[PDB]
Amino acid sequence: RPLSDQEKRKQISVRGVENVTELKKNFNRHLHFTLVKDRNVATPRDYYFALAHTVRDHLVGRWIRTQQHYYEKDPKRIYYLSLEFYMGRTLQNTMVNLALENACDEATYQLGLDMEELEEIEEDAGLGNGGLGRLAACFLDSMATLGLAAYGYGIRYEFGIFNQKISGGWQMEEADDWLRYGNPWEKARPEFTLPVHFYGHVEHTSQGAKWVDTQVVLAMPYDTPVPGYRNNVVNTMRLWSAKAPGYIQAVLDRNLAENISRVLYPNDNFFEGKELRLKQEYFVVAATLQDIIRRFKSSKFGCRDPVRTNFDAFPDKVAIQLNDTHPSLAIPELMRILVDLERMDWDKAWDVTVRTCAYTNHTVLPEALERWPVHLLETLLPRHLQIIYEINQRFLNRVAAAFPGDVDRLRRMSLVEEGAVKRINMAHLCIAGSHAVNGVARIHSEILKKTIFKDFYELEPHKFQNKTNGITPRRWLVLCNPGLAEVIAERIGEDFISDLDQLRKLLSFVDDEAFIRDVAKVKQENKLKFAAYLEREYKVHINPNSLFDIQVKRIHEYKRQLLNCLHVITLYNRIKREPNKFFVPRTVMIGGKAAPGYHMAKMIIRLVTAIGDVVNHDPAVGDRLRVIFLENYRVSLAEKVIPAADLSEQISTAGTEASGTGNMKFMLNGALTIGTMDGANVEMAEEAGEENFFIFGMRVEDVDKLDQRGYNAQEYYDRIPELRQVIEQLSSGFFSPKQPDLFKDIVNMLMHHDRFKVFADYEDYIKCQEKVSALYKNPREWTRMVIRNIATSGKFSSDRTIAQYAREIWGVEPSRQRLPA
């Protein structure tokens, strides 16, 4: 019987083994047909691409079935909105998550290619600044691994975080053209572009509020598959790209409309009020929500008709998690769509809105919070400002009702901030429109409830939660440290990879001679490997037997790279003072990027190199001390240096680091930690036991006691001879002969306006470091303590974090069951 076109298309089947032989054929097919190459001209980069496309097929197949599965079941969809997604490399992570690594390694070997070499070819997908963006990345990995119907929505920056170059000891930013050789993992959807409006004005009419005479910029989505660990679950990361909606000049000008998604703002924990950044936030928000609603409506499998027009179930089928306030406009935008476009009444739309959105705070520092001036919002998004004002009036009335007669409270909790410039407090907006607000570490969430968000916590205590951060154990252990992962597996099996708390079992081997020996060996191995990669991809020197003292993270005054520098110089002087005394050999590495406009951070980077130039060439010091500034710190570099570290520097001022995640990676990889009772350090110390940590410095309480009286760095200066010695060297030009005054700003800040009180923790920091070097003299005890750390790092897996987000906020249950293949 003649089949109709419908019956025939049923052959359009997802079909077509993870065989070494089959991998070979495909690699061969992609190299020629996809790359339009052959062995006569194929470069290592070409072979890397051939492999990427080969693995990609297996990724794509799973992806399609996963996405088809979500339409079949209609599960509550989780949308993680973020302006950053610090993904890193994808090849190895994909192979390990799909269990293709061994088969692929063999296939390439049989073709005369080295898979490790091909992997090094790949560039980082550095669409992030630091912790916040990397957290989003770990989160996607964990959500897929926990079988959640999760999505990541953000911007596809043509230029991510700048590639940092060092010349003359100074940071030199260079455009990160990460898309130069193309991105094989993404898939453009030029067919699903959506309109985003800007400017214009609002006309209030008898058939609704009309936002007219707007400027339109289109949003084109690019899809990237995100694989869960061996469960065949592949979710989606959706990033938006801006597109245009005297003839020649007009055509050349089209390109200008696309500058919205051109580059990532290089600010970390710092609010820069640029309209372009505001356009980026709205851009991602408007496109994302249109897409979310569109997917919600077309729920029937096999059918693309908008069958689900009723929003009653919207909050039970959708969850929008705001990564910081950057995507906070999602609140008034969702309201705009529902009220203005769907004709829903305000109250009912507000209920849906609040039940859909949840807000995550990542800092308590004033300069990092978003406070957009109203004149800007008014010109760029008049309708949203009108909506923001209404939300505030409704919200303020509730505040008035709960605290009658509290005049100053109305001022404090208002979404509208008066002052030199009238602004809208985005954190206040997020709290008002979210059914949940969470800190990112226990001490941080508590601080929020007691300080900046105290008034809000009193009005709606139920909203406030804590969701201690975490990192994914696939990338931050299995990928970056296979040697350690292997040594661990030999003892407890491979279950820990997807259930990190399993690591506690290692406690039973804290006295095992072989284990102790094998753990130390992996570290040594990693130390050598890094020393190698270091002196082969750059200029470097090593005595891989020296203690690797590492502090990698974005350069910030609050993170205190300067406190570390004071120690370095102090040690230098101490070695010179008593040349006939034994000093534990140490290699102090400091790496991280500074925002271009952050003058002080740049000066700090320059201090590190200036110090190195002196120390690294002092014969009296020999190789008892080496100071290095690790150039261009990024995800792929983190993956190499962290497994090679002995000491993890997590020294931010108590109360400033909301959580930190590098501290977690360090612990998971065999390094001991020296740090303050700040952010997640507190819980790490608690898990491992304080005797197995090098805790030092002021606690949050002490910092406050000092703040109420007034901090006076001079008081410590006048009583610590060693410190004065260090400061005078900086001030007199010892570390800058050519430019005696080079470090004047740094000294003047430390002495007269140090918001992070470096001098207050100096003495205790130096003493703590001595304690560190002492334990290092006892290799057996140093490693047993390491074991005690690794075995208690389970709580810091991002799966645990996500599990709580899913259960305590999203209302979805984690799953470990796998889809077929």
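All residue numbers refer to positions in the sequence shown, first residue = 1.
Asker: Do any residues of the deposited sequence lie unmodelled between residue 16 and residue 17, and which range holds their number: none, 1 to 3, 4 to 9, or 10 or more?
Answerer: In the deposited sequence, 1 to 3 residues between these two have no coordinates.
Asker: How many residues that are in the deposited sequence but not in the model lie between residue 245 and residue 246: none, 1 to 3, 4 to 9, or 10 or more?
Answerer: Per the deposited record, the segment joining residue 245 and residue 246 lacks coordinates for 10 or more residues.
Asker: Using only C-alpha atoms and the B-factors in the entry, which stretch averages higher, 37-45 or 756-764?
Answerer: Result of the comparison: 37-45.
Asker: Going by the mean C-alpha B-factor recorded in the entry, which is higher: 187-195 or 461-469?
Answerer: Mean CA B-factor is higher for 187-195.
Asker: Please work out which residue in 475, 180, 362, 428 has the highest C-alpha B-factor recorded for this crystal structure.
Answerer: Among 475, 180, 362, 428, the PDB entry lists the largest C-alpha B-factor for 180.
Asker: Taking the values straight from the PDB record, which of 215, 669, 232, 82 has the highest C-alpha temperature factor?
Answerer: Within the set 215, 669, 232, 82, 215 shows the top C-alpha B-factor.
Asker: Lowest, middle or highest third: which one holds residue 509 when the chain's residues are ordered by CA B-factor from the entry?
Answerer: As the PDB entry reports it, the C-alpha B-factor of residue 509 lands in the highest third of its chain.
Asker: Can you tell me whether residue 493 has a C-alpha B-factor in the lowest, middle or highest third compared with the other modelled residues of the same chain?
Answerer: Residue 493: CA B-factor falls in the highest third of its chain.
Asker: Rank-wise, by C-alpha B-factor, drop residue 409 into the lowest, middle or highest third of its chain.
Answerer: Middle third, going by the recorded CA B-factors of the chain.
Asker: Sorting the chain's modelled residues by C-alpha B-factor, tell me whether residue 778 ends up in the lowest, middle or highest third.
Answerer: Highest third of the chain for residue 778's C-alpha B-factor.
Asker: Within this chain, which third does the Cα B-factor at residue 517 fall in: lowest, middle or highest?
Answerer: Ranked within chain, residue 517 CA B lands in the highest tercile.
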